[PDB]
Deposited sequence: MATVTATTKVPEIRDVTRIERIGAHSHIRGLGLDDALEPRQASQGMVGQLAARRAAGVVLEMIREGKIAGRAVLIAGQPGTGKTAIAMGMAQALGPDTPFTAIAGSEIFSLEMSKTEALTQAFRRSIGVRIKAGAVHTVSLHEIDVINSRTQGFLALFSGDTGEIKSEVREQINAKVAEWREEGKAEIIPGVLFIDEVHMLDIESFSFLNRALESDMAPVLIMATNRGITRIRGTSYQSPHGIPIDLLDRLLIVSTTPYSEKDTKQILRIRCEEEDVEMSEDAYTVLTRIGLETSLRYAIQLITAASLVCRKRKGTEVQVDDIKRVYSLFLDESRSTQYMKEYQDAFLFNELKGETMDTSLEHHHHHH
C-alpha cells in the first residue's frame, strides 16, 4: 500500500516538491511533516506526539510512512487502528505493548517484538520472555554490539485507559514517534460522558502537534493512481485512468485502488495487455463501494 513512499520529498529548506520520493501533492501537510522531522532530528519533539486530522484517503498513513523513511532506512514503522486494541485474542495492554515493541528496532535491524516471538504452525491454537529479551538487549547495548514510528489510525476508538497508556509511553526515551490520525471533529472520549476534539483527552491533546490533510484534486488523484498501478505492475489506458480518477473522486481513493487489482484480473482473463475503460467499468459494477452497498440495503 505504501511501497512507493520513499520519504517526504522535501528540498534543503524543508519545502515540498510537487512529486518526489513517491509523495504527490499534499504540499502543506508534507511541509508541516518536514518541520516535525527536523524537530525529531534536533531532539525537540521529546514528550510530544503528532495528530494528522483529515478525511479518509488523504495520505495520513502515507505521511506517517514518509516520516519513517525520512528518519532512516532501517527505522521500524508499524501502523495500527484504534479498534485493533479490542481483541478476543489479547488484552489492550498486550495489544499496545506489542504495537510499541514492533516500533522499537534492535540493530544486531530487527524489532523487539520479533525477538519476543522468536524466543517464545497456525493461529488456531509471557512477561518472563520479555524480561529476558530486555535484559540481553541492555547487555548488548552496554557492550556496544533504533526507535521507529508508531501510527495509530481511527484514534477516537481508543478509550480513556488506552490514552493514559500512550501518555505514559511518551515519557520514555526509547519510545517511538507516536503519530495518531482521525477524520472526526468533536466526539465523546470512550469510557467517558465528555466530548473532546478528535475524541482525545485534554492532557494528551495539549502534547500534540496537529497537522491537517486536504482532499486530492483530479490531477493529484490520477498521479497517485498511476503510481499504485506501477507498484502492482499494472498498465492502464489514459482513458481508463480518467475513468478511475472519476470513480475515486466520487467514492474514495481506497475503492479506486481496490479496483486496480480486479480490473487487471479481468484484463488478463480477456487475454489482454493494457487495462481499458471497459475493464474498470465491468469491475465497478461488480464490486460495490460503501455508498452503493448501504443504499442498495435501504
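Engineer: Walk along the deposited sequence from position 1 and note every stretch that has no C-alpha coordinates.
Structural biologist: Coordinates drop out over 1-23, 132-137, 150-153, 159-165, 186-188, 342-368.
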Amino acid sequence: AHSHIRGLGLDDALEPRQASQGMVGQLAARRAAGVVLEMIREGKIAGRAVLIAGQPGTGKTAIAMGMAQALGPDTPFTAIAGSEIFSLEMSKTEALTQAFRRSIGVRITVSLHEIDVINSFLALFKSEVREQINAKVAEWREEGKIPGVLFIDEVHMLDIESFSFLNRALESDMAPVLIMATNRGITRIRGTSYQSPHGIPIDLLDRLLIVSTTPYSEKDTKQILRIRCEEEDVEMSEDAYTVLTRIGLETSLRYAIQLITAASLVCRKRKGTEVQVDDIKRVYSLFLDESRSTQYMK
From here on, numbers count along this sequence of modelled residues.
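Engineer: May I ask you to compare 55-63 and 36-44 by their mean CA B factor in the entry and name the higher one?
Structural biologist: Higher mean C-alpha B-factor in the PDB entry: 36-44.
Engineer: Compare the mean C-alpha B-factor of 126-134 with that of 146-154 as given in the PDB entry, and name the stretch with the higher value.
Structural biologist: Per the deposited B-factors, the answer is 126-134.
Engineer: Per the coordinate record, which of the options 49, 256, 29, 265 holds the highest CA temperature factor?
Structural biologist: Result of the comparison over 49, 256, 29, 265: 265.
Engineer: Comparing residue 173 with the other modelled residues of its chain, is its CA B-factor in the lowest, middle or highest third?
Structural biologist: Highest third of the chain for residue 173's C-alpha B-factor.
Engineer: Would the CA B-factor of residue 141 place it in the lowest, middle or highest third of its chain?
Structural biologist: According to the entry, residue 141 has a C-alpha B-factor in the chain's highest third.
Engineer: Would you mind checking where the Cα B-factor of residue 105 ranks among the modelled residues of its chain, as the lowest, middle or highest third?
Structural biologist: Middle third by C-alpha B-factor.
Engineer: What third of the chain, by the recorded C-alpha B-factor, contains residue 89?
Structural biologist: Middle third, going by the recorded CA B-factors of the chain.
Engineer: Taking the values exactly as deposited, rank residue 210 by C-alpha B-factor within its chain and report the matching third: lowest, middle or highest.
Structural biologist: As the PDB entry reports it, the C-alpha B-factor of residue 210 lands in the lowest third of its chain.
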